[PDB]
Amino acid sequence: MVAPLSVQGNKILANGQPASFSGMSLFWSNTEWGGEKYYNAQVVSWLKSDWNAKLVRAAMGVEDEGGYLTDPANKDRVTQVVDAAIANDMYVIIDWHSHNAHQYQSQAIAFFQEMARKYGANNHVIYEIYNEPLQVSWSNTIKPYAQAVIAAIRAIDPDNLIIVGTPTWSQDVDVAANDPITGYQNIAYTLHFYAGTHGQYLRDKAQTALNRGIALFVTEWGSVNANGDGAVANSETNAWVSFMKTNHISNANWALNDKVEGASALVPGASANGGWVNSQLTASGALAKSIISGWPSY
């Protein structure tokens, strides 16, 4: 049984102590976007057995073409991954993979209510309600949306973590920390980085947020450039890894996918059902597996 997770100040706790978990993000769930083939039980069990992953993220597209708003089959793919995470005793992040979620509050509420009713009794579930807000106000745009969605989840699932996206593609955790979400337990805040583009400047905003007493979760990170492509930046990735290990920050690498781009963990044609030998991982994938499998035990 995975531990129920909670927040106290800047820490996510398991069994009364800071704990952190490392794994992979799936790519966009969207129909015809390629990554959908990896949303299955075999992939989830392989990530556990071969990568020693403790976490998987289901990245459910929303207003993007082929996403949940126009194609509900996206949610069936999410369900497959959630069921498989629970069966494999892995945490699972249910991600509303939107850039504009404040426009779709009632849809988000209805979706997270269903997810909470069905899955809320499990320790495994982590709700991520707003992937990557753009250059929009924390106080006036994101936080009202978050308050409403959190109220709806908490009425059903009083405990399990809810992770809230932050301004500028989930960079401005320092801004969120000056106006945190109150009145509900076990709320944390999203930080996203790509080590080819982001370094100490972004680490400093993260440190500021931590010092101001909010907890961070890296629901998405890449070893490559911020556009999802380019060379693996080994040195800067190791810097980010140390930062996350020091501060007990959970992390999901982008992405378990076979598209030709730097962020893909897999070569094109890597099997939809797992079993990948090392020579079928990309430089990004091999580094991701190394970080995940070497993540602290707790």
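The numbering used is simple: start at 1 and walk along the sequence shown.
Within-chain third of residue 190 by Cα B-factor, per the entry: Within its chain, residue 190 is a lowest-third residue by C-alpha B-factor, going by the deposited values.
Lowest, middle or highest third - CA B-factor, residue 208: Answer is middle: the recorded C-alpha B-factor places it there.
Record-listed C-alpha B factor of residue 1: chain third: Highest third.
Modelled-residue ranking by C-alpha temperature factor, third containing residue 215: Its C-alpha B-factor, which the entry lists for residue 215, ranks in the lowest third among residues of this chain.
Position of residue 37 among the chain's modelled residues by C-alpha B-factor, lowest, middle or highest third: Its C-alpha B-factor belongs to the lowest third of this chain's values.
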